[PDB]
Each structure stands twice: as structure tokens, then as C-alpha cells.
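Next up: a single chain in C-alpha cells, the form deposited in one PDB entry.
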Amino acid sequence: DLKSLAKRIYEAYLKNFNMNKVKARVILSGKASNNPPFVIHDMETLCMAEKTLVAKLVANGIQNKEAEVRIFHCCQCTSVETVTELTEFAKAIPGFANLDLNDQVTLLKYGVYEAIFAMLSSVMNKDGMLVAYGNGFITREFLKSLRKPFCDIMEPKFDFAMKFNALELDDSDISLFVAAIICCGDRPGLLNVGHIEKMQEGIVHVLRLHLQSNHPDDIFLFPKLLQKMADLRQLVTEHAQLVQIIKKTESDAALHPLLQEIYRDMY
């Protein structure tokens, strides 16, 4: 029964996310054959990568804009796609589809970015992150090179990811972790907190059992992951504040309407 739950969540994860850790680590390891990632480490390579990966935009003249504005809009596009995937994943979580329609929206509103930065670790190593469906690799140092405030976007997530990747979780662990993130009983605005906590309790229960079987060498792995969930909520809170800064101080860098709605009245 509980392994049913764990397998259903794992299978929904493998099915709904176009990029997962095993596939990411292959690309990140320099392995693979055709269509390897284009490395984006300075202005020259960013322009080259854009001419191949976003041809229509280049024809619209985006390369007249600041590199920081293109990178930010690239980030937004990835976020919209990942929110779409997480929304479908959550539907595959047992019990979620039975919740009130307003509570589903609320759980995903507060959960998506915590889950996003958790799973972002999977496509990060100490030197950069995968982008563009595995076809680009943008270096950590190039991102640090951007003018403020855009140089402050990615680095706190690199810092989180290096410590998160140190736990050596696999997709079977991560799928349960993300399920636990979404089914969070203390989100603001929740109508039926009681059903969500019962849903949360069952998922975390399976997580605890799964980590017991999958990581018998890490005595405190379960409470370490509880702490990472708190760490992610703080990271998202801070991230929403930097995005709000960029929204008002930085013109040319408008916010997408799906993401705008996520941050509205969030924190």
C-alpha cells in the first residue's frame, strides 16, 4: 500500500518532468553524443546560443537588449514550463485531486517555487546549470558577472543546490520530497486544513519509510530534509522580494502573467 503510494508518485514524476536527475547528470558529466549542451560563459557564446535556440526572438531584435534582460526572460520561460509540469504532477498525487479546487490552487501557489528550487539542484553542478531542455549550459561565473540586481538571482540557488546535492538523493527520493512540499498543511488561505494535513502526513510517512530503505547509511536524512523544506521557504520568500525589485526598478523586464499571479499576495 505505502509502496504503491511511493511508486505512483515516482512514476508521475518520471512522466511529468521533461528533465530528471539521471538524465541531467549524463549531460552534466560530458557524456551523451548528439546535440551536446552549448556552453554559455560570456557575451559571445550567449549570442551564439540564442541564434540557435531562440531564432525567432533574435529576428525580433532581442540581442539589442541587455544580456541581463534576456537571461531573466529565459528564466521566466523555464519557470512557466515547470509550473505547468508541477501542476500536472500534483494531479497525479493521490488525494490531491480530491481536495477543494480553491485549495489545489493555494497549495500550488505557495509550493511551486519551493519545488522548483529543489528540483533545480538536479540540473546544477558547481560550475553552472542546464537550460533549454538540456541544450545549453550557462556557467555560474557568467551569472555572477551580470550587473546588480540580476547577479543576485541564481547564486543563492547554487548555494542551496550544492548542499542539497551532497545528500545524494535520487529521483525516487526527490519525487516524494516534492510531493511533501506541495501538500503543505500550513499554507495561508487554506480552507480545509484538516484534509491537507492528513494528506501531508501520509506522504511524509512514505518519505520517511522510503529514506529508511533507500539511504540506510544517513542516520538523520529525514530531519535534514525537513530542514531543507524550511530552507526553501525562506529562499522563495527572498526570491519573491528580488523579483519584486526587478519588476519595478528594471524596465524592459516585464513579468509573465502566470508568474505575476503566483507572486500576487504570496508573501
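Definition used throughout: the rigid core is the maximal C-alpha set that superposes within 1.5 Å between two forms. One rule holds for the numbers: they count along the sequence shown, beginning at 1.
After superposing on the rigid core, the larger RMS C-alpha deviation in 9 other deposited structures of this protein belongs to 93 to 101, the other candidate being whichever of 168 to 176 and 93 to 101 remains. Fitting each structure in 9 other deposited structures of this protein onto the rigid core and averaging C-alpha distances over structures and residues, 129 to 137 emerges as the more displaced of 129 to 137 and 115 to 123. In the record comparison, residue 239 is modelled in each of the other entries of this protein that model the residues flanking it, with no third of them omitting it. Residue 36, present in the displayed chain, carries coordinates in each of the other PDB entries compared that cover both sides of it, far from a third leaving it out.
The mean Cα B-factor in the deposited entry runs higher for 246 to 254 than for the other of 18 to 26 and 246 to 254. In this entry, the higher average B-factor at the C-alpha atoms falls on 33 to 41, of the pair 47 to 55 and 33 to 41. Of the candidates 171, 114, 85, 100, the PDB record gives 100 the highest C-alpha temperature factor. Looking at 162, 80, 130, 193, the one whose CA carries the top B-factor in the deposited record is 193.
Among the modelled residues of its chain, residue 64 has a C-alpha B-factor that falls in the highest third, as given in the PDB entry.
Among the modelled residues of its chain, residue 223 has a C-alpha B-factor that falls in the lowest third, as given in the PDB entry. In the deposited entry, the Cα temperature factor of residue 186 sits in the top third of values across the chain's modelled residues. When the modelled residues of the chain are ordered by C-alpha B-factor, residue 140 sits in the lowest third. In the deposited entry, the Cα temperature factor of residue 118 places it in the lowest third of its chain's modelled residues.
This next part talks about the form solved in complex with a partner chain, which is not shown.
Of the listed positions (127, 88, 197, 170), a single one reaches within 4.5 angstroms of the partner chain by any non-hydrogen atom in the entry with it bound, namely 88. Taking 174, 120, 153, 83 one by one, only a single residue has any non-hydrogen atom within 4.5 Å of the partner chain in the entry with it bound, and it is 83. Among residues of the shown chain, residue 187 is not one whose heavy atoms approach the partner chain to within 4.5 Å in the entry with it bound.
Using a 4.5 angstroms threshold between heavy atoms, residue 157 stays clear of the partner chain in the entry with it bound. Put simply, residue 192 is far from the partner chain in the entry with it bound: not one heavy atom of it is within 4.5 Å. By the criterion of a heavy atom within 4.5 Å, residue 139 is excluded from the residues contacting the partner chain in the entry with it bound.
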